[PDB]
Amino acid sequence: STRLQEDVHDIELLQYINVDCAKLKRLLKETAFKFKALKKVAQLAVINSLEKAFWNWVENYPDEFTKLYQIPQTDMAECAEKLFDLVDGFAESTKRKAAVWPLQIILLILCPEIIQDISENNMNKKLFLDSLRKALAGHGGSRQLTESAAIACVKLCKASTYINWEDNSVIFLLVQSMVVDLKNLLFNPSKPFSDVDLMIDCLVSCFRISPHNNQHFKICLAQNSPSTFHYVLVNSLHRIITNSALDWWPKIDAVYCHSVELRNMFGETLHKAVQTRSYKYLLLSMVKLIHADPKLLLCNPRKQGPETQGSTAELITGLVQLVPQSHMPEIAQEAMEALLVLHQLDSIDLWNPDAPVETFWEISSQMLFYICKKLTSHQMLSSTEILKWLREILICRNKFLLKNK
C-alpha cells in the first residue's frame with residue numbers, strides 16, 4: 001500500500017501472495033481508489049501482477065470461483081466495472097491496448113451479470129470484445145494484435161475450464177463462438193503460428209470443454225507435418241497424466257484407443273533414435289511420458305502373440321537399445337527409471353494380459369543378456385549407474401519370482 005501510494009518492484013510481491021476472495025477484495029479496492037495516475041510502466045506491472053494473482057486465486061480456491069457464478073456477487077461487478085473504465089481510459093495506443101485485453105478478459109469474466117448484457121457502459125465492452133473478434137478474424141488488425149487475441153482466447157477458455165456448465169450456460173455461449181477461430185489460427189497444419197505453451201494450454205482446455213473425439217486431436221495426432229505439434233501433443237498428454245487436481249474429469253485415461261498409434265509414432269522416432277535437434281527433445285518428452293505412465297502403451301493388447309513381433313517387446317527392446325548410449329546422456333538416463341518403473345508388478349500385469357507369467361521371464365532374459373553383453377564390451381564411462389539400475393531390476397525380478405510361486 002505504501003508502494004502504491006507513490007523501477008517499481010514491490011507490486012510484483014502480490015504475484016506470490018497466497019490470496020483468496022477476501023484478500024483480492026481489499027487489494028483490488030486499493031488499486032481501484034488510487035488507480036496510480038502518475039506513472040506508465042508500473043501500470044503494466046500492476047496489470048500483469050493482477051493477472052498472476054487472479055490465476056493464483058483460481059487454482060488456490062476453485063470453490064470460491066465456482067460460487068462466484070453460482071451466487072452473484074455485486075462488489076466484484078462494480079469494482080470490475082470501475083477497473084474496466086480505468087483500463088479503457090489508460091490504453092489508446094495499440095501496444096498498450098494489446099497489453100491490456102489479457103486483463104480485460106479476466107475483468108469481464110469476473111462479472112456474471114454483464115456477459116448476458118453483451119448479447120451506457122455496455123458499448124465500450126461490446127466494442128473491445130468485437131475488436132478482439134476482428135483480431136481473431138486475422139484481417140484489419142496489427143501483428144501484435146492477433147497474438148494478443150490468441151492469448152486472450154486461451155486465458156479465457158482456461159478460465160472457463162474450472163466451472164461446470166450446469167452452473168451457467170453463458171460460458172459455452174461465449175466460448176463456442178471462438179472455438180473455430182482459435183482452432184483455425186492455432187491448430188492448422190499448414191501455416192506456422194506467429195509459442196508451444198499456447199498450443200499446449202489451448203489443446204488441454206479444448207478437450208476439457210469437449211469430452212468428444214476432437215478432430216483437431218486427430219490433426220495433431222496422425223502424421224502431422226509440424227513435429228512441434230506432436231511435441232505439443234505428447235507434452236499436453238503428460239500434463240493430463242500428471243497435473244490433474246480438481247481439473248475436469250472427462251478426457252483423462254480416455255484417449256487409450258489412440259494408443260497404439262503413439263507406439264507407432266515412437267517406432268518412427270525410434271528409427272530416428274538410431275541415427276534431428278527437435279527429434280531428441282520429442283524423444284525425451286515421450287520417454288518422460290512412459291516413465292510417468294506406462295499403462296497407456298500397455299493397456300492395448302497390441303497383437304499379443306510371439307508370431308507377430310510383440311509391440312511391448314518392440315518398445316522394451318527400443319528402450320534397452322537406448323540405454324547404453326553415450327552420444328546423449330539424458331535420454332538414456334530417463335529410460336533407465338522408465339524401465340525400472342516398467343518392471344514393477346502392476347506394470348507387468350499389463351505386460352501380457354493373456355498370461356503374465358510366460359513372456360516376462362523371456363523378455364527379462366532378453367534385456368538381461370543384451371545389457372550384459374554391452375557390459376562385457378567394457379567401453380563405457382558411466383557403467384556404475386547401469387550396475388545400480390541392474391541391481392534394482394534384480395530386486396524387482398526376485399520380488400516377482402516371490403509373487404509367482
# chains A, B, ... in the order shown; residues from 1 in each chain; ligands from 1
>>> residues_around(residues="residue 126 of chain A", least_positions_apart="3", cutoff="12 Å", atoms="only C-alpha atoms", output="number ranges by chain")
A: 104, 108, 114-123, 129-133
>>> closest_residue(among="A:253, A:337, A:12, A:51", to="residue 155 of chain A", atoms="only C-alpha atoms")
A:51
>>> residues_around(residues="residue 383 of chain A", least_positions_apart="4", cutoff="12 Å", atoms="only C-alpha atoms", output="VMD selection string")
chain A and resid 323 to 326 329 333 371 to 372 374 to 379 387 to 390
>>> residues_around(residues="residue 24 of chain A", least_positions_apart="4", cutoff="10 Å", atoms="only C-alpha atoms", output="VMD selection string")
chain A and resid 14 19 to 20 28 to 30 50 53 to 54 57 76
>>> residues_around(residues="residue 299 of chain A", least_positions_apart="5", cutoff="9 Å", atoms="only C-alpha atoms", output="compact mmCIF listing (two decimals) with N, CA, C and O atoms, in the first residue's frame")
# COMPACT_ATOMS: atom_id res chain seq x y z
N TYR A 256 -7.01 -43.82 -24.71
CA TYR A 256 -6.25 -45.06 -24.83
C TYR A 256 -6.46 -45.74 -26.18
O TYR A 256 -5.57 -46.48 -26.62
N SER A 259 -3.80 -45.33 -28.68
CA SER A 259 -2.52 -45.51 -28.01
C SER A 259 -1.49 -46.21 -28.88
O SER A 259 -0.31 -45.84 -28.87
N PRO A 294 3.24 -45.95 -17.92
CA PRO A 294 3.43 -46.96 -18.96
C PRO A 294 2.17 -47.74 -19.29
O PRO A 294 2.17 -48.57 -20.20
N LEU A 350 0.06 -55.61 -16.92
CA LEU A 350 -0.37 -55.16 -18.24
C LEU A 350 0.58 -55.59 -19.34
O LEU A 350 0.35 -55.27 -20.51
N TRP A 351 1.67 -56.29 -18.99
CA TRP A 351 2.66 -56.70 -19.98
C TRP A 351 2.10 -57.77 -20.90
O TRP A 351 2.20 -57.68 -22.13
N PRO A 353 -1.57 -59.50 -21.00
CA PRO A 353 -2.92 -59.71 -20.45
C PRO A 353 -3.42 -61.14 -20.60
O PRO A 353 -4.33 -61.55 -19.87
>>> select_by_dssp(residues="segment 45-254 of chain A", states="alpha helix (DSSP H)", output="VMD selection string")
chain A and resid 45 to 60 62 to 70 74 to 90 94 to 109 114 to 118 122 to 137 143 to 162 170 to 175 179 to 186 196 to 206 215 to 221 227 to 242
>>> decode(residues="segment 104-164 of chain A", atoms="C-alpha atoms", output="PDB file, in the first residue's frame")
ATOM      1  CA  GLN A 104      -9.992  -7.150 -19.796  1.00  0.00           C
ATOM      2  CA  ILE A 105     -10.954 -10.775 -20.445  1.00  0.00           C
ATOM      3  CA  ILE A 106     -10.467 -11.589 -16.730  1.00  0.00           C
ATOM      4  CA  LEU A 107     -12.221  -8.400 -15.709  1.00  0.00           C
ATOM      5  CA  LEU A 108     -15.224  -9.350 -17.859  1.00  0.00           C
ATOM      6  CA  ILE A 109     -15.242 -12.962 -16.580  1.00  0.00           C
ATOM      7  CA  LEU A 110     -15.324 -11.632 -13.002  1.00  0.00           C
ATOM      8  CA  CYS A 111     -18.798 -10.213 -13.759  1.00  0.00           C
ATOM      9  CA  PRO A 112     -21.523 -12.859 -14.231  1.00  0.00           C
ATOM     10  CA  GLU A 113     -24.251 -10.321 -14.984  1.00  0.00           C
ATOM     11  CA  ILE A 114     -22.888  -8.329 -17.917  1.00  0.00           C
ATOM     12  CA  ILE A 115     -21.858 -11.220 -20.186  1.00  0.00           C
ATOM     13  CA  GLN A 116     -25.542 -11.716 -20.978  1.00  0.00           C
ATOM     14  CA  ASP A 117     -25.731  -7.932 -21.382  1.00  0.00           C
ATOM     15  CA  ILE A 118     -23.155  -8.238 -24.170  1.00  0.00           C
ATOM     16  CA  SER A 119     -25.562 -10.467 -26.109  1.00  0.00           C
ATOM     17  CA  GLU A 120     -24.198   3.418 -21.245  1.00  0.00           C
ATOM     18  CA  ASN A 121     -21.262   1.310 -20.088  1.00  0.00           C
ATOM     19  CA  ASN A 122     -22.058  -1.554 -22.453  1.00  0.00           C
ATOM     20  CA  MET A 123     -20.804  -0.016 -25.707  1.00  0.00           C
ATOM     21  CA  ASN A 124     -17.136   0.031 -24.647  1.00  0.00           C
ATOM     22  CA  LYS A 125     -17.390  -3.628 -23.598  1.00  0.00           C
ATOM     23  CA  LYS A 126     -19.045  -4.642 -26.885  1.00  0.00           C
ATOM     24  CA  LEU A 127     -16.559  -2.595 -28.944  1.00  0.00           C
ATOM     25  CA  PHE A 128     -13.487  -4.081 -27.259  1.00  0.00           C
ATOM     26  CA  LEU A 129     -14.903  -7.623 -27.489  1.00  0.00           C
ATOM     27  CA  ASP A 130     -15.626  -7.142 -31.200  1.00  0.00           C
ATOM     28  CA  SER A 131     -12.128  -5.689 -31.611  1.00  0.00           C
ATOM     29  CA  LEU A 132     -10.870  -8.978 -30.176  1.00  0.00           C
ATOM     30  CA  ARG A 133     -13.113 -10.900 -32.603  1.00  0.00           C
ATOM     31  CA  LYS A 134     -11.822  -8.906 -35.593  1.00  0.00           C
ATOM     32  CA  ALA A 135      -8.276  -9.713 -34.476  1.00  0.00           C
ATOM     33  CA  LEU A 136      -9.360 -13.358 -34.343  1.00  0.00           C
ATOM     34  CA  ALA A 137     -10.516 -12.954 -37.949  1.00  0.00           C
ATOM     35  CA  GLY A 138      -6.908 -12.056 -38.784  1.00  0.00           C
ATOM     36  CA  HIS A 139      -7.782  -9.167 -41.109  1.00  0.00           C
ATOM     37  CA  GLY A 140      -7.912  -5.495 -40.204  1.00  0.00           C
ATOM     38  CA  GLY A 141      -5.525  -5.976 -37.303  1.00  0.00           C
ATOM     39  CA  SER A 142      -1.976  -5.315 -36.155  1.00  0.00           C
ATOM     40  CA  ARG A 143       0.659  -8.041 -35.999  1.00  0.00           C
ATOM     41  CA  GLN A 144       0.831  -7.852 -32.188  1.00  0.00           C
ATOM     42  CA  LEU A 145      -2.966  -7.651 -32.077  1.00  0.00           C
ATOM     43  CA  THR A 146      -3.632 -11.157 -33.415  1.00  0.00           C
ATOM     44  CA  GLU A 147      -1.193 -12.721 -30.940  1.00  0.00           C
ATOM     45  CA  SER A 148      -2.854 -10.854 -28.072  1.00  0.00           C
ATOM     46  CA  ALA A 149      -6.250 -12.100 -29.261  1.00  0.00           C
ATOM     47  CA  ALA A 150      -4.933 -15.675 -29.109  1.00  0.00           C
ATOM     48  CA  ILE A 151      -3.554 -15.098 -25.597  1.00  0.00           C
ATOM     49  CA  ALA A 152      -6.947 -13.634 -24.675  1.00  0.00           C
ATOM     50  CA  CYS A 153      -8.779 -16.682 -26.011  1.00  0.00           C
ATOM     51  CA  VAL A 154      -6.511 -19.223 -24.313  1.00  0.00           C
ATOM     52  CA  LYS A 155      -6.715 -17.455 -20.940  1.00  0.00           C
ATOM     53  CA  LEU A 156     -10.484 -17.061 -21.384  1.00  0.00           C
ATOM     54  CA  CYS A 157     -11.018 -20.749 -22.101  1.00  0.00           C
ATOM     55  CA  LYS A 158      -8.660 -21.740 -19.268  1.00  0.00           C
ATOM     56  CA  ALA A 159     -10.865 -19.614 -17.023  1.00  0.00           C
ATOM     57  CA  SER A 160     -13.896 -21.383 -18.500  1.00  0.00           C
ATOM     58  CA  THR A 161     -12.428 -24.844 -17.767  1.00  0.00           C
ATOM     59  CA  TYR A 162     -12.806 -24.839 -13.989  1.00  0.00           C
ATOM     60  CA  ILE A 163     -16.537 -24.171 -13.614  1.00  0.00           C
ATOM     61  CA  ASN A 164     -19.274 -26.636 -14.538  1.00  0.00           C
TER      62      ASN A 164
END
